[PDB]
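Structure 1 and structure 2 below are two forms of the same protein chain, each written out on its own as structure tokens.
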Structure 1
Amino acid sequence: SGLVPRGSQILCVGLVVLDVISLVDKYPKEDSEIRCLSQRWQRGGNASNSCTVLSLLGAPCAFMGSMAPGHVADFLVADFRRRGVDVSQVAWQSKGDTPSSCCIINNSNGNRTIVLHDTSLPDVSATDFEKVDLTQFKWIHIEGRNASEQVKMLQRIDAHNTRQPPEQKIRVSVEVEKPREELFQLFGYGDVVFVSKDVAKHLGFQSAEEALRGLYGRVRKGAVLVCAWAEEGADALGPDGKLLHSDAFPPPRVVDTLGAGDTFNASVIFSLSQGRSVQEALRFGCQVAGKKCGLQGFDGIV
């Protein structure tokens, strides 16, 4: 690791996982041995996916998440590095496994059977976050996971910001992606709050407009609540009460939507960190995420 200029990086706190994806002509029968058509090892995870996109956009970025020493972590570290992501803030754990998932895709009907990673690895704690010099970062994005601990991390960034002049204040964003009650306390933190379509649907909201009007009461004074909704584009709502919307930019053919939301989050964060408006950031968010949907992986998203 070397010298990182002050207020230059965008930090994404969250999960990194090794996704082993196998494409099969038919789903295997229990206790059987089949040969896959093609097999890939990928670095997944929301915060991890957003780092890749932030690097491709030309932003210096850093990742913070838990990892255990081993060959799985070595592959993920090398893949982060291949995408120019800074891994100096990784929380190296003595106990637990680096997350790894097995995804079996059936080529005959497109069905995906996923065997998710185990829960052995501890998440990043408030004490792990407390040891980080925050002066390198201009923006800190937190993927909602272990909410009680993340609230303390968010409280530490507020304490830091109270001592800085407006030009050296660290902007903050949070993602509520899974419909879990523990995560809803995170709505009240951050300057930008991303809520997923899946969370909105689980709370009874049938559109991005309903979600934003129904959830704005949970965000802190002055924050912007954002809700992406696939082919219906994305909406945003700020303190002025004006619902903002961007149409989607659907690709010529949809090839791969995995990490589309993470591409949208990184692109909105990037656009706002460059001083652009919320309306311009929604549009850019939809443009990059839309381009990504017509490509396999993140190469060529530009």
Structure 2
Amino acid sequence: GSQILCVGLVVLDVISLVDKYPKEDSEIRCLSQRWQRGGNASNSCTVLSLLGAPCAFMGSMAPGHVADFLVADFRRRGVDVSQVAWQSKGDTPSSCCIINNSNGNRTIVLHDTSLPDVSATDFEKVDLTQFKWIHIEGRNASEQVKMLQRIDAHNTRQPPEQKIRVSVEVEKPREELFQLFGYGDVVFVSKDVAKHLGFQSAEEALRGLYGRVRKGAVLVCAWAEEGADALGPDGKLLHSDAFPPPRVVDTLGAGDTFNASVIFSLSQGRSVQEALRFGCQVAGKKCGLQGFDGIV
């Protein structure tokens, strides 16, 4: 096991950088525009790569000129595309991403393209010996749950010296996804999921959702400018203050940067208190830059 595997989406992020958020029925010229390789798991691969950690992306891609761009970006970053479930039917998904340059706020208008998701079938064809860690971005829950059981089964037939650490992300407030809570050594729950379930703080959410997690797991919840908090088996709550930049110019992928940084510090054998802190650290550096270049 020498690589980190992120299992999720890869989306073309068509970015427009605005000085102020547009008002409805308004016509307002943008400051600048760019194309960016997106998708939560795809973004985490950019981050992991920049931290110096060898990694691989797993997700569905439809061949064309868009995927040609995406593949070229992944490669320039050293992301192992070898595990991509190439589809015949469907188009590559794209998002219109408006980044408010004044506060760094990002608004995403995603276009889902019928492109079939990576299945337990696609995952079954994967050589689990090259991976140190496996991160799954919560999309097709029932199917991903089968993929989780396949990693768990591999682990049971392996010494503790060679076990695959697993991490899950529950970003979208969807009931299907609450079953993934659930599985994995580390569980990232978003502020939006937490708020939808009735929680007003990262600590409230953590105490309220720790019953849901797998025995021995760490449930992590970041909370924008309020940093992030983690809850382990020991019952002790852990907290990290955020590392805000003086000028917050781009939050698109900040969470994906947080996730990756937490995964990396844990993969490096550092404490949960240290990992939480490094996640907030690297995520904060990103919010002061456009894109991902210059985070380290």
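The term rigid core refers to the most C-alpha atoms you can superpose between the two forms while keeping them within 1.5 Å. For residue numbers, the reference is structure 1: its sequence is counted from 1.
Looking at CA displacements between structure 1 and structure 2 with the core superposed, a shift of 2 Å or more is confined, among 151, 102, 134, 77, to 102. Core-aligned CA deviation for residue 243 between structure 1 and structure 2: less than 2 Å. Residue 112 is among the residues whose C-alpha shifts by 2 Å or more between structure 1 and structure 2 once the rigid core is aligned. With the core held fixed between structure 1 and structure 2, residue 287 has its Cα displaced by under 2 Å.
For residue 38, the displacement of the CA atom between structure 1 and structure 2, after superposition on the rigid core, amounts to 3.6 Å.
The two forms line up on their rigid core, and residue 88 then has its Cα shifted by 0.3 Å between structure 1 and structure 2. Overlaying the rigid core between structure 1 and structure 2 leaves the Cα of residue 167 displaced by 1.2 angstrom.
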